[PDB]
Amino acid sequence: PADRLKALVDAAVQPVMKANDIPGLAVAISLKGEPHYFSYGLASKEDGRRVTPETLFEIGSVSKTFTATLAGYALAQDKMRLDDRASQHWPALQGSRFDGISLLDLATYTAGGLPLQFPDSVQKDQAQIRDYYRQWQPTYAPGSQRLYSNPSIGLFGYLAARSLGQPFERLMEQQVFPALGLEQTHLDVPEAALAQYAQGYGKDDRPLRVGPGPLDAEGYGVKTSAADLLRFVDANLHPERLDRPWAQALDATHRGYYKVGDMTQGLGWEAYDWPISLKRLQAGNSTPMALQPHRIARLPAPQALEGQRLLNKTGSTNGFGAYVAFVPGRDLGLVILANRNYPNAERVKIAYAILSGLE
């Protein structure tokens, strides 16, 4: 039974770790309100430190689900509305094209072609980021094409923080992580916890821990353990267990605004019908989905992302590859954290084998 679950997770993980040369991988599963942890290999190859459920990994774009939760809190406090013009929350943007762009457009990558990343010319500097947004002009009409963009959801989180009158990083550390009960979740890893921070590995096992970048906190800033990220998944599965404004914050991340192919776009979370084929879930998490613009099919009203659906988010940095998925209607949650950036198709392959086997 524990033997069966170990066999299922081992069968899904071991070949993918071997095929993708992944030094270390942490799995956490929430099954009928019980946590299960499976830890593989090395957090650091050089000093032989083993992965545990307390090992910290970079989760990259999975950070956007925390950014969406902070925005959900600002929405619950009536400090902002998704149909607000972006420039409402930052006077520096008054007179810019952000006068004509909604917070919802920023959150769902439909602002009109904000790029995948800030150009190399924009450094982690308040004035450079300000001047970048002031000069930016859309390629196409806001609300028409999805282009996955760090500057887009970055500005969404930055503006959500301005609506609450405090810096983004302060709000996350002082309000969001404590409200969610997350003590092993960091934007800036304390010196005392550095022993838990896994090494990331790239080409020729070059060591890679994420360096500073513009709106890094909002887009890809979070370092967390498999155990902490599963607590976050369990909060998402049962928002009603939190104090009401935080319950409302998490619910705001479970609302679908439009479809691209099989995927329904929420704030942070991306949803699929469940069941669905592995090939379809791989295609929804494919490189073209990340790198190319897609015409959206807008929903007449926002859809509740609950019941027979899989909510998921991939996230990467140069050295790390994360995947989180949950099935609201089955009280099933999954976290897969690795210290190599391995293909999304392979992350989805592990998840699919586990989620299929638990069913």
# chains A, B, ... in the order shown; residues from 1 in each chain; ligands from 1
>>> closest_atom_pairs(of="range 7-61 of chain A", to="range 295-318 of chain A", cutoff="6 Å", atoms="only C-alpha atoms", output="tab-separated table")
residue	atom	partner	partner_atom	distance
A:59	CA	A:315	CA	5.5
A:60	CA	A:315	CA	4.4
A:61	CA	A:315	CA	4.0
>>> write_last_selection(atoms="N, CA, C and O atoms", output="PDB file, in the first residue's frame")
ATOM      1  N   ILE A  59      11.427  27.778  -8.054  1.00  0.00           N
ATOM      2  CA  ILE A  59      10.208  27.267  -8.746  1.00  0.00           C
ATOM      3  C   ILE A  59       9.892  28.117  -9.978  1.00  0.00           C
ATOM      4  O   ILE A  59       8.925  27.787 -10.670  1.00  0.00           O
ATOM      5  N   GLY A  60      10.669  29.165 -10.241  1.00  0.00           N
ATOM      6  CA  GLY A  60      10.525  29.961 -11.467  1.00  0.00           C
ATOM      7  C   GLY A  60       9.102  30.487 -11.580  1.00  0.00           C
ATOM      8  O   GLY A  60       8.578  31.006 -10.591  1.00  0.00           O
ATOM      9  N   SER A  61       8.458  30.264 -12.724  1.00  0.00           N
ATOM     10  CA  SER A  61       7.131  30.844 -13.041  1.00  0.00           C
ATOM     11  C   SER A  61       6.039  30.289 -12.125  1.00  0.00           C
ATOM     12  O   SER A  61       4.947  30.861 -12.150  1.00  0.00           O
TER      13      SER A  61
END
>>> residues_around(residues="range 327-342 of chain A", least_positions_apart="5", cutoff="7 Å", atoms="only C-alpha atoms", output="PyMOL selection string")
chain A and resi 20+22-32+57+198-202+226+229-230+233+237+306-311+316-322
>>> residues_around(residues="residue 165 in chain A", least_positions_apart="2", cutoff="12 Å", atoms="only C-alpha atoms", output="JSON, numbers by chain")
{"A": [74, 79, 80, 89, 90, 158, 159, 160, 161, 162, 163, 167, 168, 170, 171]}
>>> closest_residue(among="A:99, A:183, A:205, A:216", to="residue 154 in chain A", atoms="only C-alpha atoms")
A:216
>>> closest_residue(among="A:94, A:356, A:286, A:102", to="residue 81 in chain A", atoms="only C-alpha atoms")
A:102
>>> closest_residue(among="A:153, A:267, A:36, A:125", to="residue 9 in chain A", atoms="only C-alpha atoms")
A:36
>>> atom_distance(atom1="CA of residue 91 in chain A", atom2="CA of residue 130 in chain A")
10.3 Å
>>> decode(residues="range 323-342 of chain A", atoms="N, CA, C and O atoms", output="mmCIF file, in the first residue's frame")
data_model
loop_
_atom_site.group_PDB
_atom_site.id
_atom_site.type_symbol
_atom_site.label_atom_id
_atom_site.label_comp_id
_atom_site.auth_asym_id
_atom_site.auth_seq_id
_atom_site.Cartn_x
_atom_site.Cartn_y
_atom_site.Cartn_z
ATOM 1 N N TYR A 323 7.020 21.776 -11.340
ATOM 2 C CA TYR A 323 5.661 21.529 -11.875
ATOM 3 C C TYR A 323 4.733 21.299 -10.703
ATOM 4 O O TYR A 323 5.105 20.569 -9.774
ATOM 5 N N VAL A 324 3.574 21.937 -10.739
ATOM 6 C CA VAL A 324 2.540 21.771 -9.691
ATOM 7 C C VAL A 324 1.216 21.535 -10.410
ATOM 8 O O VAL A 324 0.958 22.190 -11.436
ATOM 9 N N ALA A 325 0.428 20.604 -9.903
ATOM 10 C CA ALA A 325 -0.883 20.266 -10.498
ATOM 11 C C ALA A 325 -1.815 19.807 -9.389
ATOM 12 O O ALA A 325 -1.348 19.163 -8.446
ATOM 13 N N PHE A 326 -3.097 20.117 -9.511
ATOM 14 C CA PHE A 326 -4.090 19.619 -8.540
ATOM 15 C C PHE A 326 -5.430 19.449 -9.243
ATOM 16 O O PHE A 326 -5.716 20.164 -10.205
ATOM 17 N N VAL A 327 -6.237 18.541 -8.701
ATOM 18 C CA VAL A 327 -7.588 18.203 -9.218
ATOM 19 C C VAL A 327 -8.599 18.542 -8.127
ATOM 20 O O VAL A 327 -8.778 17.761 -7.197
ATOM 21 N N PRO A 328 -9.215 19.743 -8.179
ATOM 22 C CA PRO A 328 -10.076 20.214 -7.095
ATOM 23 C C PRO A 328 -11.147 19.177 -6.718
ATOM 24 O O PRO A 328 -11.321 18.914 -5.542
ATOM 25 N N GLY A 329 -11.799 18.602 -7.735
ATOM 26 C CA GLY A 329 -12.925 17.662 -7.578
ATOM 27 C C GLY A 329 -12.503 16.310 -7.024
ATOM 28 O O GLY A 329 -13.402 15.488 -6.776
ATOM 29 N N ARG A 330 -11.203 16.049 -6.853
ATOM 30 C CA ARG A 330 -10.701 14.751 -6.339
ATOM 31 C C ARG A 330 -9.805 14.949 -5.115
ATOM 32 O O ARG A 330 -9.290 13.922 -4.616
ATOM 33 N N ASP A 331 -9.631 16.188 -4.641
ATOM 34 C CA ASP A 331 -8.772 16.493 -3.466
ATOM 35 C C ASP A 331 -7.405 15.824 -3.693
ATOM 36 O O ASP A 331 -6.911 15.139 -2.768
ATOM 37 N N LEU A 332 -6.844 15.980 -4.899
ATOM 38 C CA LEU A 332 -5.518 15.425 -5.304
ATOM 39 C C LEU A 332 -4.588 16.594 -5.613
ATOM 40 O O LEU A 332 -4.983 17.472 -6.383
ATOM 41 N N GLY A 333 -3.381 16.570 -5.064
ATOM 42 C CA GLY A 333 -2.367 17.609 -5.303
ATOM 43 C C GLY A 333 -1.020 16.967 -5.534
ATOM 44 O O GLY A 333 -0.740 15.919 -4.922
ATOM 45 N N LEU A 334 -0.203 17.579 -6.377
ATOM 46 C CA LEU A 334 1.121 17.042 -6.777
ATOM 47 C C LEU A 334 2.115 18.194 -6.917
ATOM 48 O O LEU A 334 1.743 19.216 -7.555
ATOM 49 N N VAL A 335 3.318 18.017 -6.383
ATOM 50 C CA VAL A 335 4.451 18.952 -6.548
ATOM 51 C C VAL A 335 5.635 18.128 -7.042
ATOM 52 O O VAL A 335 5.862 17.062 -6.470
ATOM 53 N N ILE A 336 6.309 18.595 -8.083
ATOM 54 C CA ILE A 336 7.557 17.940 -8.573
ATOM 55 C C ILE A 336 8.618 19.032 -8.735
ATOM 56 O O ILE A 336 8.478 19.861 -9.639
ATOM 57 N N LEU A 337 9.638 19.039 -7.883
ATOM 58 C CA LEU A 337 10.718 20.048 -7.923
ATOM 59 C C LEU A 337 12.031 19.356 -8.289
ATOM 60 O O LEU A 337 12.346 18.339 -7.643
ATOM 61 N N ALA A 338 12.748 19.878 -9.276
ATOM 62 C CA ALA A 338 14.046 19.333 -9.735
ATOM 63 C C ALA A 338 15.089 20.440 -9.825
ATOM 64 O O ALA A 338 14.722 21.579 -10.111
ATOM 65 N N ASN A 339 16.363 20.068 -9.686
ATOM 66 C CA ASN A 339 17.489 21.026 -9.817
ATOM 67 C C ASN A 339 18.177 20.830 -11.171
ATOM 68 O O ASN A 339 19.401 20.956 -11.243
ATOM 69 N N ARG A 340 17.399 20.527 -12.205
ATOM 70 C CA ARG A 340 17.776 20.802 -13.603
ATOM 71 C C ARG A 340 16.535 21.320 -14.323
ATOM 72 O O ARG A 340 15.435 20.876 -13.981
ATOM 73 N N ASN A 341 16.717 22.242 -15.257
ATOM 74 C CA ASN A 341 15.634 22.705 -16.153
ATOM 75 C C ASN A 341 15.484 21.657 -17.253
ATOM 76 O O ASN A 341 16.203 21.753 -18.275
ATOM 77 N N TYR A 342 14.586 20.707 -17.045
ATOM 78 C CA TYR A 342 14.314 19.606 -17.995
ATOM 79 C C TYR A 342 12.980 19.891 -18.667
ATOM 80 O O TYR A 342 12.170 20.658 -18.144
#
